[PDB]
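Participant: Chains A and B, in that order, are what the protein sequence lines are. Going letter by letter, the first sequence gives residues 273 to 488, 500 to 542 in the UniProt record's numbering. If you read the second sequence in the UniProt record's numbering, its first letter stands for residue 345, the second for the next number, and so on. Ideal placement from N, C-alpha and C gives every residue a C-beta, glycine not left out.
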Amino acid sequence: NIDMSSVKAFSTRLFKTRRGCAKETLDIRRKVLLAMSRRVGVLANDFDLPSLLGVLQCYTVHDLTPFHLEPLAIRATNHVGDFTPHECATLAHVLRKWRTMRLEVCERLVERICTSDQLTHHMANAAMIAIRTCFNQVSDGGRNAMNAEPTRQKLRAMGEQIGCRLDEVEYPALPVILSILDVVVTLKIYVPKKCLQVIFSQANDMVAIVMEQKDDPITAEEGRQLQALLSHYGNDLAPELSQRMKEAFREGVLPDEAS
Amino acid sequence: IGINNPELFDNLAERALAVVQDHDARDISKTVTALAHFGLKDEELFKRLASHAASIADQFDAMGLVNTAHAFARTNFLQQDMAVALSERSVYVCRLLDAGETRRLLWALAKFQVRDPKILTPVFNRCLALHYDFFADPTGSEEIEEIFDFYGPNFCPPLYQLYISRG
RNA sequence: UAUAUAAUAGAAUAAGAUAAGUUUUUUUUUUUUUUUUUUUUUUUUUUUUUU
RNA sequence: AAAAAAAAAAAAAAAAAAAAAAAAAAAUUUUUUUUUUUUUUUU
């Protein structure tokens, strides 16, 4: 019998201080979030639209995904037409963490990410990972082996539709580039050469700093896959970054990940 | 489960009578509740159980004290040594109980006829603490009537005002 | 003519009960029996007409 | 004595409705991978 404003106030207080919490206080936090979860579950039909996303984030950051709160995520799949592309991108990862992520929900999800005038790296990464997971969703060796490829071709279709606009976005770090390229390669999505040029130029400019400053980081494995990706896609993408990575590996400026 | 098996119950009751001394707080809180629910009464066994629980009055947790008191109250088997021993203990644990458990304990105390402020003062505070759940329990809507009949309006003006109110 | 220095190693291996946080049609098909209504066929009785 | 028409009773077949009784199956393939921080308030 906790009041509607009380749960919101407590959740907002316990959420915004999470970034730097002391260790020995974490466990107690979770108990506060579990002693009063059932009231949230029954009130699930009364929360405001952004409050749903806020509550889901507050529960997720505390590594907690109880089943009693599963209806809330369901509501998000129904009212997805009101959120901004940023909120939709966050909702994609939230849904994936809630086991709610299916084919149809992502199929309806990608459009809002598409509607943005200028893409941002969070939306691109969320779209790529969601597309890959939903490609893993469809089963060839199963009871519905009649429409596997007709679904995979559609998924690749959207994949191309989001890939053709990838040159507009800034890439904060190499791992984002690695994730996007890994999805593209393992899913066999064609990308325009202009987006490849922009991606590889940004990667070259970013990787210049660590090598030239001889310290802060990029693991040797990461350089291996980046060199291999360019070698597969051709030297003309960045005819300088080829010898640049080769020299960087020759000097041994990139230590191993387990080192 | 809710299954009646009499013949087995008589043998178990006699065996428990033979082994009364070995009972713990959990064992008494289970046996007395089951015997009260099932209707099979043994006078000597219940006298021995109450006398034994008199000495073990300190070992009851939140569940055991309330359940034993309520089961004894409904059975109309009210020893006095057990009455005082269990009633005095209520002040220590009163913070831990829940609304329904406090209501049941209060009804058992009203049937116990103690009427001592030292024992009764924290129970009413806790009842006021959970008064929303206290007055929203249909299984016991008639259980508050005997309590408030025994104590009367001259005892707790706030609780009486809330009782008279619609809710 | 002074009051002060301090450093060596080894092992791979498993126990087991805390009085807890749901509930939102009920229905379809097949078979048997009884009752009611309609249609068709056979038998009996009565009335009318013709030979 | 024969034929036709009408009414009543009995038997059989078909259709519809109501009530009562009986029966309904199963074969391990479910999901994982963010740097996310946008609730609002006089506690």
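Starting from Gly506 of chain A and walking both ways along the alpha helix (DSSP H), at which residues does that stretch end?
Facilitator: As a first step, residue 506 of chain A must be located in the first sequence, where it is residue number 223. From DSSP, the alpha helix (DSSP H) with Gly506 of chain A extends over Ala503 to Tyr516.
Participant: What does a CB cutoff of less than 6 Å around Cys467 of chain A pick up in its chain, not counting 5 residues either side in sequence?
Facilitator: Here the question's residue 467 of chain A lines up with position 195 in the first sequence. Within the same chain, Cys467 of chain A has close Cβ partners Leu438 and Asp439.
Participant: Taking DSSP as the reference, what is the three-state secondary structure of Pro500 of chain A?
Facilitator: Position 217 of the first sequence holds residue 500 of chain A. Coil.
Participant: Return the Cβ separation of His394 of chain A and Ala445 of chain A in integer angstroms, given the expectation that the two are a contact with Cβ distance under 8 Å.
Facilitator: To locate residue 394 of chain A, count along the first sequence from 1; it is residue 122. To locate residue 445 of chain A, count along the first sequence from 1; it is residue 173. In fact, because the Cβ distance is near 13 Å, the residues do not count as touching under 8 Å.
Participant: Going by C-alpha to C-alpha distance, which of A:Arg290, A:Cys406, A:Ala348 and A:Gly414 sits closest to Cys378 of chain A?
Facilitator: Locating residue 378 of chain A in the first sequence gives position 106, counting from the first residue. Closest by alpha carbon: A:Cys406.
Participant: I'd like to know whether the C-beta atoms of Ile449 of chain A and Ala399 of chain A end up nearer to each other than 7 Å.
Facilitator: Taking the first residue of the first sequence as 1, we reach residue 449 of chain A at position 177. Taking the first residue of the first sequence as 1, we reach residue 399 of chain A at position 127. For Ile449 of chain A and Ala399 of chain A, no; Cβs fall outside 7 Å.
Participant: Specify the secondary structure class of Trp370 of chain A as computed by DSSP and reduced to three states.
Facilitator: Here the question's residue 370 of chain A lines up with position 98 in the first sequence. In the structure shown, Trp370 of chain A sits in coil (DSSP, three-state: anything other than H, G, I, E or B).
Participant: Which residue comes first and which comes last in the alpha helix (DSSP H) that contains residue 531 of chain B?
Facilitator: The question about residue 531 of chain B has no answer, for chain B in this structure spans 345 to 511.
Participant: For the region 431 to 463 of chain A, list the alpha helix (DSSP H) runs that are entirely contained and at least 4 residues long, ordered along the chain.
Facilitator: With a minimum length of 4 residues, the continuous alpha helix (DSSP H) runs that stay inside the region 431 to 463 of chain A are 446 to 459.
Participant: If you draw a straight line from the alpha carbon of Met373 of chain A to that of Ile452 of chain A, how long is it in whole angstroms?
Facilitator: Here residue 373 of chain A corresponds to residue number 101 of the first sequence, with the count starting at 1. Here residue 452 of chain A corresponds to residue number 180 of the first sequence, with the count starting at 1. C-alpha separation (whole angstroms): 20 Å.
Participant: What does a CB cutoff of less than 6 Å around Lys374 of chain B pick up in its chain, not counting 5 residues either side in sequence?
Facilitator: If you number the second sequence from 1, residue 374 of chain B lands on position 30. Contacts found: none.
Participant: Quick one: measure Cβ to Cβ for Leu537 of chain A and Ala480 of chain A, integer angstroms, because I've assumed they're closer than 8 Å.
Facilitator: For this step, residue 537 of chain A is matched to residue 254 along the first sequence. For this step, residue 480 of chain A is matched to residue 208 along the first sequence. Their Cβ separation, rounded to whole angstroms, is 13 Å, which puts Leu537 of chain A and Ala480 of chain A out of contact at 8 Å.
Participant: For the structure I just gave you, are there three or more beta carbon pairs, one from the region 398 to 413 of chain B and one from the region 356 to 373 of chain B, closer than 8 Å?
Facilitator: Yes, they touch.
Participant: Suppose the cutoff is 8 Å on Cβ atoms and the five residues either side in sequence are ignored; what does the same chain contact list for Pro447 of chain A look like?
Facilitator: Stepping through the first sequence from its first residue, residue 447 of chain A is reached at position 175. Excluding positions up to five away in sequence, the list reads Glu505.
Participant: List the endpoints of the continuous alpha helix (DSSP H) containing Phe287 of chain A.
Facilitator: By one-based count along the first sequence, residue 287 of chain A stands at place 15. Looking at the DSSP string, the run of the alpha helix (DSSP H) that includes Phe287 of chain A is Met276 to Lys288.
Participant: Of the residues A:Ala475, A:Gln474 and A:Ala511, which one's Cα is nearest the Cα of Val457 of chain A?
Facilitator: As a first step, residue 457 of chain A must be located in the first sequence, where it is residue number 185. Checking every option, the nearest Cα to that of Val457 of chain A belongs to A:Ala511.
Participant: By the DSSP assignment, the alpha helix (DSSP H) with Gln505 of chain B in it spans what residues?
Facilitator: For the purposes of this step, residue 505 of chain B is taken as residue 161 along the second sequence, with counting starting at 1. Looking at the DSSP string, the run of the alpha helix (DSSP H) that includes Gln505 of chain B is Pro501 to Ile508.
Participant: For the alpha helix (DSSP H) that contains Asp299 of chain A, what are its first and last residues?
Facilitator: Position 27 of the first sequence, counted from the start, is the residue given in the question as residue 299 of chain A. From DSSP, the alpha helix (DSSP H) with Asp299 of chain A extends over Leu298 to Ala307.
Participant: Is the region 410 to 426 of chain B in contact with the region 389 to 398 of chain B, if contact means three or more CB pairs nearer than 8 Å?
Facilitator: Because the criterion of three Cβ pairs below 8 Å is met, the region 410 to 426 of chain B and the region 389 to 398 of chain B touch.
Participant: Grab the span of the alpha helix (DSSP H) containing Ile345 of chain B for me, first residue to last.
Facilitator: Sequence index remark: in the second sequence, residue 345 of chain B carries index 1 (1-based). Premise fails: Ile345 of chain B is in no alpha helix (DSSP H) and is neither H nor E.
Participant: Applying the criterion that 16 or more other CB atoms from any shown protein chain within 10 Å of the CB defines a buried residue, is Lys303 of chain A buried or exposed?
Facilitator: Against the first sequence, residue 303 of chain A aligns to sequence position 31. Its Cβ having fewer than 16 others within 10 Å, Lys303 of chain A is exposed.
Participant: Given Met528 of chain A, which residues of its chain have a CB within under 7 Å of its CB, disregarding the five upstream and five downstream residues?
Facilitator: Translated into the one-based positions of the first sequence, residue 528 of chain A becomes position 245. If we look at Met528 of chain A and ignore the five residues flanking it on each side, its Cβ neighbours are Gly506, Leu509 and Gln510.
Participant: Do the CB positions of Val366 of chain A and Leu328 of chain A come within less than 7 Å of each other?
Facilitator: The residue labelled residue 366 of chain A in the question sits at position 94 within the first sequence. The residue labelled residue 328 of chain A in the question sits at position 56 within the first sequence. Result yes, Cβ atoms of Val366 of chain A and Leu328 of chain A sit closer than 7 Å.
Participant: Is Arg392 of chain B helix, strand or coil when you go by DSSP?
Facilitator: Sequence index remark: in the second sequence, residue 392 of chain B carries index 48 (1-based). Note: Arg392 of chain B maps to helix in three-state DSSP.
Participant: Our contact map puts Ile463 of chain B next to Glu432 of chain B with C-beta atoms below 8 Å; I'd like the distance itself, whole angstroms only.
Facilitator: The sequence position of residue 463 of chain B within the second sequence is 119, counting from 1. The sequence position of residue 432 of chain B within the second sequence is 88, counting from 1. Correct: roughly 7 Å between the Cβ atoms.
Participant: Can you list, in chain order, the residues of its chain whose CB lies under 8 Å from that of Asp368 of chain B, leaving out five sequence neighbours each side?
Facilitator: Within the second sequence, the letter at position 24 stands for residue 368 of chain B. Hits under 8 Å: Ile400 and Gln403.
Participant: Rounded to whole angstroms, what is the Cα-Cα separation between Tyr516 of chain A and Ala475 of chain A?
Facilitator: Here residue 516 of chain A refers to the residue found at position 233 when the first sequence is read from its first residue. Here residue 475 of chain A refers to the residue found at position 203 when the first sequence is read from its first residue. Cα to Cα, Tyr516 of chain A sits roughly 15 Å from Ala475 of chain A.
Participant: So, is residue 514 of chain B buried or exposed, given that buried needs 16 or more other C-beta atoms within 10 angstroms?
Facilitator: Beyond the ends of chain B as shown, which are 345 and 511, falls residue 514 of chain B; an answer cannot be given.
Participant: Taking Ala473 of chain B as the reference, give the member of B:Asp481, B:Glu487, B:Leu503 and B:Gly484 with the closest Cα.
Facilitator: Counting from one through the second sequence, the residue named residue 473 of chain B turns up at place 129. The residue with the shortest Cα to Cα distance from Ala473 of chain B is B:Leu503.
Participant: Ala399 of chain A lies in the alpha helix (DSSP H); which residues open and close that run?
Facilitator: Locating residue 399 of chain A in the first sequence gives position 127, where the first residue counts as 1. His393 to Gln409 is the span of the alpha helix (DSSP H), which, as asked, contains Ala399 of chain A.
Participant: Rounded C-beta distance between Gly511 of chain B and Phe478 of chain B? I'm assuming under 8 Å.
Facilitator: In the second sequence, counting from the first residue as 1, residue 511 of chain B sits at position 167. In the second sequence, counting from the first residue as 1, residue 478 of chain B sits at position 134. About 11 Å separates the two Cβ atoms, so there is no contact after all.
Participant: From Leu384 of chain B to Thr349 of chain A, what does the alpha carbon distance come to, in whole angstroms?
Facilitator: Position 40 of the second sequence holds residue 384 of chain B. Position 77 of the first sequence holds residue 349 of chain A. Whole-angstrom Cα-Cα distance: 57 Å.
Participant: Taking its Cβ as the centre, do 16 or more other Cβ atoms sit within 10 Å of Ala294 of chain A, making it buried, or is it exposed?
Facilitator: Taking the first residue of the first sequence as 1, we reach residue 294 of chain A at position 22. So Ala294 of chain A counts as exposed.
Participant: Looking only at its chain, what residues have a beta carbon closer than 7 Å to the beta carbon of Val470 of chain A, apart from the 5 residues adjacent to it on each side?
Facilitator: Taking the first residue of the first sequence as 1, we reach residue 470 of chain A at position 198. Around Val470 of chain A: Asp439.
Participant: Please report the distance separating the alpha-carbon of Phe468 of chain B from that of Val333 of chain A.
Facilitator: The residue given as residue 468 of chain B occupies position 124 in the second sequence. The residue given as residue 333 of chain A occupies position 61 in the first sequence. Whole-angstrom Cα-Cα distance: 41 Å.
Participant: Could you check where the alpha helix (DSSP H) with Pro338 of chain A kicks off and where it finishes?
Facilitator: Position 66 of the first sequence, counting from 1, holds the residue named residue 338 of chain A. Here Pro338 of chain A belongs to no alpha helix (DSSP H), and DSSP marks it neither H nor E.
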